[PDB]
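Numbering of ligands and ligand atoms starts at 1, following listing order. The chains referred to below are lettered A, B, ... by the order of the sequence lines, with proteins before strands, and numbering in each begins at 1.
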Amino acid sequence: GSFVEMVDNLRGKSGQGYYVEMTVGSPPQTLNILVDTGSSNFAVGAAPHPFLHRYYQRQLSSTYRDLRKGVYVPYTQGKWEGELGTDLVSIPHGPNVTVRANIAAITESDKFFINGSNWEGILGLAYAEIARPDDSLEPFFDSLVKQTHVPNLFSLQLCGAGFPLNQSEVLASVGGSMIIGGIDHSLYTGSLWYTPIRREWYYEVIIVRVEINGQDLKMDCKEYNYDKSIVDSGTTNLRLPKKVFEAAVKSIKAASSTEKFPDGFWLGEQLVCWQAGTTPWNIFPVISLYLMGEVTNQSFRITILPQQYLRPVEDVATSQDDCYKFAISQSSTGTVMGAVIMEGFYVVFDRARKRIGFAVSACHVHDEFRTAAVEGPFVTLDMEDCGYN
Amino acid sequence: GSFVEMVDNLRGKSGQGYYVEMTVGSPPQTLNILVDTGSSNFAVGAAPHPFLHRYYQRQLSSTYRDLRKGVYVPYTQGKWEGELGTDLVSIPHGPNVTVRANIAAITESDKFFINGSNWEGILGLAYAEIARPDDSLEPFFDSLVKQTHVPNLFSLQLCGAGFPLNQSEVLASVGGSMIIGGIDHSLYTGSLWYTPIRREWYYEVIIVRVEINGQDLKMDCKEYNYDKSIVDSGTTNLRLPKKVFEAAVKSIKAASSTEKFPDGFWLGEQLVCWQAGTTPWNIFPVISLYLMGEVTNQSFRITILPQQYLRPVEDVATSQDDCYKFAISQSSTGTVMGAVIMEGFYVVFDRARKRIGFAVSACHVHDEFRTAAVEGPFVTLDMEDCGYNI
Ligand SMILES: COC[C@H]1CCCN1C(=O)c1cc(C)cc(C(=O)N[C@@H](Cc2cc(F)cc(F)c2)[C@H](O)[C@H]2CN(S(=O)(=O)c3cccc(C)c3)CCN2)c1
Ligand SMILES: COC[C@H]1CCCN1C(=O)c1cc(C)cc(C(=O)N[C@@H](Cc2cc(F)cc(F)c2)[C@H](O)[C@H]2CN(S(=O)(=O)c3cccc(C)c3)CCN2)c1
């Protein structure tokens, strides 16, 4: 019911990622690790890097075991080269257990570490199927559950501030909670609705309908999941398949037409600013994503506000204006429900029952007139046809 | 060949540098000078040093003029301290002119002079912007052009032997040509392709694409010129920015994977040897560097062989094996197209038209199956974006 020891154990923000503290080796080497539900490798910087002020020093760990094998891991954003091995790992603000897990010691990288993010590694929480080099390299969460009694489930509450957080602020602020092995009821309001995990590789789900301010985008639902739809804390934006993205932007533009913005804004590249406190939230539409339910021909929906899809950023002039970037972008690899979307909800990755739960987050940003929502049920047919093959 | 007097006026090798003979003072004092397109100061040993068997003696020159000013000049490799002055300078196997130029008389140095190199000074041929102490100290070539009718251009043909040269051999062998004021057609084959000199300080260029055996390295082209790319005869290796180096080595290892080499080899530190005549050139890939062309959206490429990037060295046991060191290394100061790269081509430093020309060298080392090349044109867009801006 409650896991006080794990509540508020996350820090960070949508644009730089959310991270949890972990320790590797003996004696314990503390490192901040990016929580990534969109990959399956546990890797840490293991050599000096301009953006790192600390890294994993294998020669100083008595429990380090060298697997005598290198691995090359590229992501959409960047990539790293690492040396595989194992060591004892713990989560200070997590379950009171120690696990021997696989660790990729990063020796070379390109556009992977983020300057000023405060994290030095990544925690891939997805399934073995997409682990590199292959599925024989057991993911951290799998080792955790196998070696301990911790229930096969974790939940994430990512908290966007709603405004820019400067360097010192983001280091001192609570970014959210990662409850390992349970669900903490204080992190959400209303009811939890579950959508099935279609297949166990990414946390894959199926979107069956999309609305912009109640208006049906009206596309073949297969387009929404081409070539897949995933829940990914390791990606900032809500990324949509090319065809869906173009349709969504046209609709969002139509709904917010009382004000015109440069193309660069809609490309998610340039920011838009308004005098302090005057952001016209009301001219932007809410976005509803209907997800397949656990009951036959039943679906539910999660609704996102512009407070979620417009990401706060500090103005180039550090002025007092409230500025933002459009956090919805085009994808060529399916739908990616990133951090800005997760920030509106408490998300339960129920691996044990092969499902993902959504509930209104106790820390989501909104205004006096609208709120994010998770509602159901709705009658929906042939939802399995929405999945891509 | 329209400049027979300057053809074959160079001696030396990639590992110790190529030098030209010059005279300074009245009466003329002969000295061997390192040809360095990577710096802009003309300086000579002017005091006894263990590695010098001769040096500039100012008190014996009636035309020596003291500028009453000292200067400290450090390079990545080493450094020297000297006293500035001017004197009359000539190049015996060069244009038939005498010019008064600035000369830094080296009185102290650290890791600058090389034992057995046979040179006693350095000729910085780059622009005034990087001259020490500042750009008011006119570089030698600028003085030469201003005081004479020599065209504002020089060309270099650096000739690597393709095998080790002992002390005696390196002293009697022709190391190449420095044509002052012109282009000698006998030093190259095929056509000359020109890339723009981006800015006049180092001889800076812009690389727009890189291939290893035709396979695109596929990096943002800005990486190739971070923070700059230069043509430098004063450096042995092809030096590449950290990330480009890592990518290049990975690809070169992949292409030559039928043979495994120790990390020390790829670090450019230890040599690898093969039984005489059996070097497996064919397992190593050719490397192509695409350079911005003179025409809009057009580029050309220069391709080098392992015969260029594997530098011949004498075996530690002076055996009959053919040994080499990997002559590609990482840099934290941008790309450096060093001597091992220049050895594959005839390079024209066309200062007058702010461009650098490349053509297959008549003396590049190759085998019966592959040759170095300079080919074009290729359609390339947004090349200006490949250049780096601080
Ligand atoms: C919070 O976000 C922070 C800001 C700043 C920097 C990145 N970033 C983004 O918003 C952003 C944007 C885009 C367009 C992509 C990514 C992206 O690749 N994320 C990765 C994790 C990651 C986070 C980083 F911080 C840097 C980095 F190198 C990578 C995630 O694991 C993606 C990976 N892919 S896969 O097909 O490659 C892929 C598939 C299967 C296995 C692997 C190993 C990779 C699938 C979806 N899950 C992140
Ligand atoms: C053939 O090579 C022979 C073998 C044996 C010994 C050196 N060497 C190399 O291969 C080698 C290696 C490395 C890593 C560096 C150098 C290097 O500094 N070369 C210098 C010239 C030089 C040659 C020597 F022989 C000894 C020596 F002291 C220096 C060149 O002018 C470099 C200098 N820089 S700057 O930023 O410093 C620099 C920038 C602007 C002004 C100055 C004054 C210095 C820019 C690129 N142009 C040479």
- Is any side-chain heavy atom of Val44(A) less than 4.5 Å from a side-chain heavy atom of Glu120(A)? no
- Query: Among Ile130(A), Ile114(A), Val71(A), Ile230(A), whose heavy atom sits nearest atom 6 (C) of ligand 1?
  - Reply: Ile114(A)
- Message: I'd like to know whether ligand 1 has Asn41(A) as a neighbour, heavy-atom separation below 4.0 Å.
- Response: no
- Item | Exercise: do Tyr19(A) and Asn118(A) side chains pair donor with acceptor under 3.5 Å | yes
- Is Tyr226(A) atom OH crowded by more than 12 heavy atoms from other residues, nucleotides or ligands, each under 6.0 Å away? no
- Message: How far is atom 31 (O) of ligand 1 from the closest protein heavy atom, and which atom is that?
- Response: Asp36(A) OD2, 2.6 Å
- Message: Just so I know, are the side chains of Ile106(A) and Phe112(A) near enough to count as touching, which here means a heavy-atom distance under 4.5 Å?
- Response: yes
- Message: Hydrogens and angles aside, do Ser329(B) and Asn237(B) bring a side-chain donor and acceptor to less than 3.5 Å of each other?
- Response: yes
- Message: Could you tell me if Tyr75(B) and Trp80(B) have a donor-acceptor pair between their side chains, going purely by distance under 3.5 Å?
- Response: yes
- Message: Is the ring pair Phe265(A)/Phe326(A) parallel, tilted or perpendicular, if the boundaries are 30 and 60 degrees?
- Response: tilted
- Query: Considering only the protein, which heavy-atom contact is closest to atom 39 (C) of ligand 2, and what is its distance?
  - Reply: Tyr202(B) OH, 3.2 Å
- Contact atoms of ligand 2, heavy-atom distance to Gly15(B) under 4.0 Å: 3 (C), 4 (C), 5 (C)
- Would you tell me which option among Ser117(B), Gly38(B), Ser109(B) has the nearest heavy-atom contact to atom 45 (C) of ligand 2? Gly38(B)
- Are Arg351(B) and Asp142(B) within salt-bridge range, i.e. N to O under 4.0 Å? yes
- Kindly identify the option in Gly78(A), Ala131(A), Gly234(A), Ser40(A) whose heavy atom sits closest to atom 48 (C) of ligand 1. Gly234(A)
- Note on the structure: Checking heavy atoms under 4.0 Å, the part of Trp119(A) that sits near ligand 1 is side chain
- What's the shortest distance from atom 40 (C) of ligand 1 to any protein heavy atom, and which residue and atom give it? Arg132(A) NH2, 3.4 Å
- How far is atom 43 (C) of ligand 1 from its nearest protein heavy atom, and which residue and atom name does that atom have? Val73(A) CG1, 3.4 Å
- Against heavy atoms of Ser39(B), which atoms of ligand 2 measure under 4.0 Å? 31 (O)
- Task: Quick one: look up the protein heavy atom nearest atom 8 (N) of ligand 1 and list residue, atom name and how far away it is.
- Result: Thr236(A) OG1, 4.2 Å
- Query: Is the closest heavy atom of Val336(A) to ligand 1 under 4.0 Å?
  - Reply: no
- Task: Work out whether the distance between some heavy atom of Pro74(A) and some atom of ligand 1 is less than 4.0 Å.
- Result: yes
- Note on the structure: Within 4.0 Å of some non-hydrogen atom of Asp232(B), the atoms of ligand 2 are 30 (C), 32 (C), 46 (C), 47 (N)
- Any side-chain donor near an acceptor of the partner, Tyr72(A) and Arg132(A), under 3.5 Å: no
- Task: Mind telling me whether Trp119(A) and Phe113(A) have parallel, tilted or perpendicular rings, with 30° and 60° as the class edges?
- Result: tilted
- Message: To the closest 0.5 Å, what do you measure between OG1 (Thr335(B)) and CD (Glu223(B))?
- Response: 10.0 Å
- Task: Could you tell me whether ligand 1 has any atom less than 4.0 Å away from a heavy atom of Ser14(A)?
- Result: yes
- Query: How far is atom 12 (C) of ligand 1 from its nearest protein heavy atom, and which residue and atom name does that atom have?
  - Reply: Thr235(A) CG2, 4.3 Å
- Message: Parallel, tilted or perpendicular, judged at 30° and 60°: which one describes the rings of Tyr203(A) and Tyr127(A)?
- Response: tilted
- Only heavy atoms count here, so choose which of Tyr75(A), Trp201(A), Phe113(A), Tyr19(A) is nearest to atom 29 (C) of ligand 1. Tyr75(A)
- Query: Under a 4.0 Å N-O cut-off, is there an ion pair linking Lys228(B) with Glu204(B)?
  - Reply: no
- Query: Any heavy atom of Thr333(A) sitting closer than 4.0 Å to ligand 1?
  - Reply: no
- Query: Of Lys111(B), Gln77(B), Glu129(B), which has the heavy atom at the shortest distance from atom 18 (O) of ligand 2?
  - Reply: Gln77(B)
- Note on the structure: atom 34 (N) of ligand 2: closest protein heavy atom, distance to 0.1 Å, is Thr76(B) OG1, 4.0 Å
